[PDB]
Amino acid sequence: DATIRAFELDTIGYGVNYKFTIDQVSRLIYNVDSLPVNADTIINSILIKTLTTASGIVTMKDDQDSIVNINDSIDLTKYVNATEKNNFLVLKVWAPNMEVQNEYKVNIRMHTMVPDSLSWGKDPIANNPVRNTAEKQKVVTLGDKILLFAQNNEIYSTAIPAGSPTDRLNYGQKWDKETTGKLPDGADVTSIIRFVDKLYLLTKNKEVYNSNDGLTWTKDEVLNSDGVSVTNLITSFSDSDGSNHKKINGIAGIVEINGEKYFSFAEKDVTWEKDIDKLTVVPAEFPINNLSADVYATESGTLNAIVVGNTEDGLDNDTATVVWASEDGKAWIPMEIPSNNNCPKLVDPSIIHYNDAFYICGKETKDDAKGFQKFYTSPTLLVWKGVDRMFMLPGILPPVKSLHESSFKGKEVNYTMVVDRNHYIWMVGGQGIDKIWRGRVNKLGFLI
Amino acid sequence: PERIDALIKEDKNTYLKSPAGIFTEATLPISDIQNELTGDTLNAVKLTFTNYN
Amino acid sequence: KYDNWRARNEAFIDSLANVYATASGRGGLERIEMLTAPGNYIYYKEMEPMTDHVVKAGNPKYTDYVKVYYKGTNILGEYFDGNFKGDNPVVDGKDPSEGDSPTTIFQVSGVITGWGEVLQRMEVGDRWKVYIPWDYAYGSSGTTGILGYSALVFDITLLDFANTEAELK
C-alpha cells in the first residue's frame with residue numbers, strides 16, 4: 001500500500017517541459033528551474049499529467065474533501081511562489097486499502113524578473129562629477145574602488161562593498177574627489193592600464209608613470225630604458241585575469257626601435273625586449289588611438305587578449321571594425337572576416353567579454369543613422385550581429401503603457417566604460433550625456 | 001620534449017601518451033615459466049594492465 | 001548449495017530484525033522506516049565516513065540523480081555487480097593488480113525500492129552497508145545473475161547528488 005509518484009506537467013512553451021523534484025521525506029513538490037515571467041498568462045488554465053500513484057484516488061481540501069479532476073485543466077496562478085505568504089496547493093493521496101494517509105504540498109516557482117535581460121533601471125544612478133565635461137574621460141577599477149580620471153589632473157572615486165556578487169549590493173550613488181590629486185605632468189589619461197596590483201600611465205613625451213593606489217604617481221626605473229621609446233601600452237597578462245597554463249606575466253605595448261614600430265612585451269619586473277632580430281613589426285592597419293582591451297581564459301585553460309580602437313586617419317579598402325587577438329604578448333593577429341558577417345566601422349569602439357559572449361559598442365558615421373545605435377555581439381569572435389532585442393543601450397525603456405533624455409541612443413559624444421568584479425557594466429558619458437549609467441544582466445545575479 | 005623526457009623518468013607509474021609520445025615496455029618471466037611448468041599443458045596465460053582515472 | 005533459497009533468505013532478514021530488538025548495542029544495526037510501506041523497516045550498518053565530501057548537505061530526493069561507489073552481494077557474500085570488487089573502493093590504489101574504481105550515476109526513481117528508500121536518507125559521503133528484503137529487491141523471478149527470491153546486501157558510498165546529470169557527471 002504505497003504512494004509512489006511521477007508528477008508532471010505539459011508543454012508551457014512549444015516543446016518545453018519543466019522538471020519537478022519530489023521530496024518524499026519532507027512531503028512537498030516544486031520545480032527547480034523557475035517558470036518564465038511570461039508564464040502567468042499560460043498557467044491560467046493548464047493541464048496536469050503523469051500523476052501516477054498506486055491508487056489514483058486523490059483529493060484537495062475545500063467544508064469538504066472533493067476529488068481531483070485529473071483529466072481536466074486547472075488554474076495554478078493562485079499557487080505560485082508559495083514559500084512566503086505560504087499558500088501551497090496542498091493535496092491528499094489515499095492508499096489502496098484507505099488505511100495509510102498522506103498529504104503533499106505543491107509550489108509553482110516562477111521568476112519575478114526576466115533572466116537574460118540587461119537591467120539599466122529607470123534613471124541614471126549618478127551625475128558625472130567632472131568639471132568641464134568636454135574633457136577626455138577614463139574609468140578603471142583598483143582593489144575595492146572605481147576611479148574616474150580627467151585630463152586636467154582631476155580624479156574622482158567611489159568604493160565597492162565587501163563581496164559576493166550574488167548578494168543584495170547597492171553602490172555608486174556617491175562619488176568623492178581624491179583630494180590629493182595631481183597626476184603627473186604631461187600625462188595622457190586615455191592610456192591608463194591595470195596590472196596585478198598597480199596602475200601604469202603614459203605621457204605625451206613618452207615617459208612611463210606608475211602608482212600603487214592612484215593617489216600619487218611616480219616614474220619607474222625598469223620600463224624607462226634609454227635607446228627605446230614607448231608609444232602605446234595595450235594590456236597586461238597575469239594569473240589574476242584567468243587560468244593561464246602558459247604562465248605569462250607582464251605588460252604588452254609598442255616600442256619605436258630606431259624609428260620603426262615593433263610589438264614588445266615587458267615581463268614581470270624586467271625591461272622591454274629590445275632585440276630587433278626577434279621582435280615583430282606593427283602592421284599599418286593596427287589601431288593607434290583610443291585603444292580598448294580585454295583579457296580572458298579560453299575553455300582550454302589558456303589566456304587570450306583582444307583589442308579594438310581607432311585606426312590611422314586614412315587607408316585603403318577599410319570598412320569594418322576588425323578585432324586583433326593575441327595568445328601572448330609577442331605578436332597580435334587580426335580576426336579578418338571574408339564574408340558579410342563583419343561589423344561596421346565605428347568611432348572610439350569598446351570591446352568586452354561578458355556572460356560567455358563578446359560585445360562591442362561605438363558610434364557610427366553613415367550620416368543617416370549617426371551616433372550610438374546598438375551593441376554588436378559575437379558568440380565566437382569571427383561573426384558579428386546586431387542585437388535587436390534585450391541587451392540594449394542604456395536608457396532604452398520598455399512600454400510601461402520610450403527614450404530617456406540622458407540615453408546614449410542617437411548621441412555622438414565622448415565616453416568611457418569598464419566592467420567590475422560584480423559584473424556591473426559602468427558607462428560614463430561626456431558633454432551631451434553628463435551622466436553615469438550602471439547595469440547588469442539579471443542572470444548573473446541569480447543563485448540558480 | 002622536456003616534459004615528455006621528464007614524464008618518462010617517473011618510476012611509480014607508466015604512461016601511454018599516444019601521438020609519438022610514450023609507450024610502456026614489459027618484461028615477461030618466460031624463464032621462470034619454462035622452469036616451473038615443464039611437462040604441463042598451458043590452458044591460459046593472462047596479463048592485465050590497469051590504470052588510474 | 002542453493003537449496004530452499006526463499007526460506008533461508010527470509011530467515012536471514014528475520015535474524016537481523018530480532019537482533020536489533022534484543023542484542024546489546026543493537027548488534028551494530030540501525031534501521032529506517034520505509035515510505036512505500038509504513039511500518040516496514042530497512043536495516044543497515046554505519047561505516048567509516050569519507051574525507052573528501054563535496055560538502056553537499058541535505059539528502060537526495062526521489063526524482064534526482066546520484067553518484068556512488070557501490071557493490072552488491074548475496075547472503076553468502078558472492079558477487080553480483082558494482083564498481084569495486086575488494087572490501088573497499090579503490091582510489092590511488094597501491095596494488096597494481098586492481099584499478100581505481102569508476103563512479104556511476106543513477107536516478108533515485110530508476111532503481112529498486114530498497115535503493116530508492118535508503119538513498120533518500122543518506123548525506124553526501126556516508127558509507128552504509130544495507131540489508132534489503134526480497135519484497136523490495138528485484139524479487140520474484142529476479143534479473144540475470146539472481147536466483148530469484150533473493151535478499152541482496154549492498155555497500156554504498158554516496159559521493160554526490162544533483163537535479164540533472166550534466167551538473168553531476
# chains A, B, ... in the order shown; residues from 1 in each chain; ligands from 1

$ residues_around --residues "residue 347 of chain A" --least-positions-apart "5" --cutoff "8 Å" --atoms "only C-alpha atoms" --output "list in words"
residues 309, 310, 362, 363, 364 and 365 of chain A

$ closest_atom_pairs --of "chain A" --to "chain C" --cutoff "7 Å" --atoms "only C-alpha atoms" --output "tab-separated table"
residue	atom	partner	partner_atom	distance
A:1	CA	C:37	CA	6.0
A:2	CA	C:36	CA	4.3
A:3	CA	C:36	CA	5.9
A:4	CA	C:36	CA	6.8
A:21	CA	C:63	CA	5.5
A:22	CA	C:62	CA	5.4
A:23	CA	C:61	CA	5.1
A:24	CA	C:62	CA	6.8

$ write_last_selection --atoms "C-alpha atoms" --output "tab-separated table (two decimals), in the first residue's frame"
chain	number	residue	atom	x	y	z
A	1	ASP	CA	0.00	0.00	0.00
A	2	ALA	CA	2.37	2.64	-1.37
A	3	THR	CA	2.33	6.29	-2.51
A	4	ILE	CA	4.82	6.17	-5.43
A	21	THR	CA	11.66	17.41	-7.73
A	22	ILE	CA	9.78	15.17	-5.31
A	23	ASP	CA	10.86	15.34	-1.65
A	24	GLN	CA	9.07	12.39	-0.07

$ closest_residue --among "A:82, A:392, A:361, A:295" --to "residue 195 of chain A" --atoms "only C-alpha atoms"
A:295

$ atom_distance --atom1 "atom CA of residue 352 of chain A" --atom2 "atom CA of residue 335 of chain A"
15.6 Å

$ residues_around --residues "residue 79 of chain C" --least-positions-apart "5" --cutoff "12 Å" --atoms "only C-alpha atoms" --output "number ranges by chain"
C: 70-74, 84-87, 145-146, 152-155

$ write_last_selection --atoms "C-alpha atoms" --output "CSV table (one decimal), in the first residue's frame"
chain,number,residue,atom,x,y,z
C,70,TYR,CA,28.7,0.5,-4.8
C,71,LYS,CA,29.0,-3.2,-4.5
C,72,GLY,CA,26.2,-5.8,-4.4
C,73,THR,CA,26.4,-9.2,-2.9
C,74,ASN,CA,24.1,-12.0,-1.8
C,84,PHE,CA,34.6,-2.4,-7.0
C,85,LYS,CA,35.4,-6.0,-6.1
C,86,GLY,CA,37.6,-5.9,-3.0
C,87,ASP,CA,36.5,-4.9,0.5
C,145,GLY,CA,22.5,-13.4,-12.2
C,146,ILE,CA,19.9,-13.6,-9.4
C,152,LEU,CA,20.7,-8.6,-1.5
C,153,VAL,CA,23.3,-6.8,0.7
C,154,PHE,CA,24.8,-3.6,-0.7
C,155,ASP,CA,27.8,-1.5,0.3

$ select_by_dssp --residues "segment 43-258 of chain A" --states "strand (DSSP E)" --output "number ranges by chain"
A: 48-49, 58-61, 65-67, 89-94, 101-107, 118-119, 126-127, 137-142, 145-150, 154-159, 176-177, 187-194, 199-203, 208-211, 218-219, 230-237, 250-257

$ write_last_selection --atoms "C-alpha atoms" --output "CSV table (one decimal), in the first residue's frame"
chain,number,residue,atom,x,y,z
A,48,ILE,CA,-1.6,18.2,-15.2
A,49,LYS,CA,-0.4,14.7,-16.4
A,58,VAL,CA,-6.7,12.0,-4.6
A,59,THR,CA,-8.4,15.0,-3.1
A,60,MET,CA,-7.9,18.7,-2.2
A,61,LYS,CA,-9.3,20.5,0.8
A,65,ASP,CA,-12.7,16.9,0.6
A,66,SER,CA,-13.6,17.0,-3.1
A,67,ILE,CA,-12.0,14.6,-5.6
A,89,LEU,CA,-1.6,23.7,-3.4
A,90,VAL,CA,-1.9,21.0,-0.7
A,91,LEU,CA,-3.5,17.7,-1.7
A,92,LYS,CA,-4.2,14.4,-0.1
A,93,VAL,CA,-3.4,10.9,-1.5
A,94,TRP,CA,-5.0,7.7,-0.3
A,101,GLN,CA,-2.9,8.6,4.7
A,102,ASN,CA,-0.6,11.3,3.2
A,103,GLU,CA,-0.7,14.9,2.1
A,104,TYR,CA,1.7,16.7,-0.3
A,105,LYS,CA,2.1,20.4,-0.8
A,106,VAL,CA,3.0,21.8,-4.3
A,107,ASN,CA,4.8,25.1,-5.1
A,118,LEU,CA,20.2,43.8,-19.2
A,119,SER,CA,18.7,46.0,-16.4
A,126,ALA,CA,24.6,59.4,-10.7
A,127,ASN,CA,25.8,62.5,-12.4
A,137,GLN,CA,37.4,60.7,-19.7
A,138,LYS,CA,38.8,57.4,-18.4
A,139,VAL,CA,37.5,54.9,-15.8
A,140,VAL,CA,39.4,52.0,-14.2
A,141,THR,CA,39.0,49.7,-11.1
A,142,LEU,CA,41.6,49.0,-8.4
A,145,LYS,CA,37.5,51.3,-5.6
A,146,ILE,CA,36.4,52.6,-9.0
A,147,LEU,CA,38.4,55.6,-10.3
A,148,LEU,CA,37.4,58.2,-12.8
A,149,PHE,CA,40.2,60.3,-14.3
A,150,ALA,CA,40.0,63.6,-16.2
A,154,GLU,CA,41.5,65.7,-11.8
A,155,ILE,CA,40.4,62.4,-10.1
A,156,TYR,CA,37.1,61.1,-8.6
A,157,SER,CA,36.3,57.9,-6.8
A,158,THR,CA,33.7,55.5,-5.4
A,159,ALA,CA,34.0,52.3,-3.3
A,176,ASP,CA,34.3,61.7,-4.0
A,177,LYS,CA,37.2,63.9,-5.0
A,187,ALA,CA,50.0,62.7,-18.9
A,188,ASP,CA,47.6,61.2,-21.4
A,189,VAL,CA,44.7,59.9,-19.3
A,190,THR,CA,43.2,57.6,-22.0
A,191,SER,CA,46.3,55.4,-21.7
A,192,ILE,CA,45.8,54.3,-18.1
A,193,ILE,CA,46.3,50.5,-17.7
A,194,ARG,CA,45.8,47.9,-14.9
A,199,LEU,CA,48.4,51.3,-12.4
A,200,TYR,CA,50.6,52.4,-15.3
A,201,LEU,CA,50.3,55.5,-17.4
A,202,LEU,CA,51.9,57.2,-20.5
A,203,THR,CA,52.9,60.8,-21.1
A,208,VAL,CA,56.0,55.8,-18.3
A,209,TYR,CA,54.5,56.6,-14.9
A,210,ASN,CA,53.0,54.2,-12.3
A,211,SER,CA,51.1,54.1,-9.0
A,218,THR,CA,56.0,58.3,-9.9
A,219,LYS,CA,58.4,57.4,-12.7
A,230,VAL,CA,57.2,53.6,-25.9
A,231,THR,CA,54.2,54.8,-27.9
A,232,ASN,CA,51.3,52.7,-26.6
A,233,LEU,CA,50.6,50.3,-23.7
A,234,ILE,CA,48.0,47.8,-24.8
A,235,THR,CA,47.1,45.3,-22.0
A,236,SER,CA,48.7,43.2,-19.2
A,237,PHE,CA,48.7,39.4,-18.7
A,250,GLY,CA,53.8,41.2,-18.0
A,251,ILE,CA,52.7,44.2,-19.9
A,252,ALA,CA,52.3,44.4,-23.7
A,253,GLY,CA,53.0,47.5,-25.7
A,254,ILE,CA,54.5,49.1,-28.8
A,255,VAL,CA,58.1,50.5,-28.9
A,256,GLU,CA,59.7,52.5,-31.8
A,257,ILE,CA,63.1,50.9,-32.2
